[PDB]
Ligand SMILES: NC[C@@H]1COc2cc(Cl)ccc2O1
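A single chain comes next, written as structure tokens; it is the form solved without the ligand.
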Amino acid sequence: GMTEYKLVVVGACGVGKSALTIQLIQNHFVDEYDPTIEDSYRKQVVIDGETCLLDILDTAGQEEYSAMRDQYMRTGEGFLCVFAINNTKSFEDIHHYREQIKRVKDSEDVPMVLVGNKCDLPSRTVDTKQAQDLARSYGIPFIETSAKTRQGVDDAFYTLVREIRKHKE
């Protein structure tokens, strides 16, 4: 039976949670995506030779009950924590997101990956070393991505699957 990995993409508004998710799934870059739209996507991929199904929730601004969000929080196995490299505040927000994840799973050891998105942009205010230092502190990988050019998009989600596989075994 095909293994499924339940992934949840989190981070502050505008960092590119949706654009990352839509790029991985539909192979195009979206200029606007309703920041209030929270949806789940599936895709069949092969990762290190294992055919498997990514089940991804793109979190958003939800003042309303989502039965589907409840299930991904309860049963999600890995988190993509996204900030944007031209948004210092979104980088400062990461710690908040990591603490929420630990609380949701009631553990210090939750599979997650730090993603620095929008690295196609020149106006960079969060440098790579800051992000590596934070990732090293958390004990998690750090990947630089561009939802616009596709740089690191497969790598970020695939690295997350690999962290989940290690968590299992």
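So that there is no doubt, residue numbering starts at 1 and follows the sequence shown.
A second form of this protein, the form solved in complex with the ligand, is not displayed here; the remarks below concern that form.
Undergrad: Can you check whether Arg162 is within 4.5 Å of the ligand in the entry with it bound, heavy atom basis?
TA: Looking in the entry with it bound, residue contacts with the ligand do not include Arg162, since no heavy atom lies within 4.5 Å.
Undergrad: When the contact criterion is heavy atoms within 4.5 Å, does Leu57 count as touching the ligand in the entry with it bound?
TA: Because a heavy atom of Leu57 falls inside 4.5 Å of the ligand in the entry with it bound, the answer is yes.
Undergrad: Going through 72-96, which residues have a heavy atom within 4.5 Å of the ligand in the entry with it bound? Please give them in sequence order.
TA: Residues within 4.5 Å: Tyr72, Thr75, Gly76.
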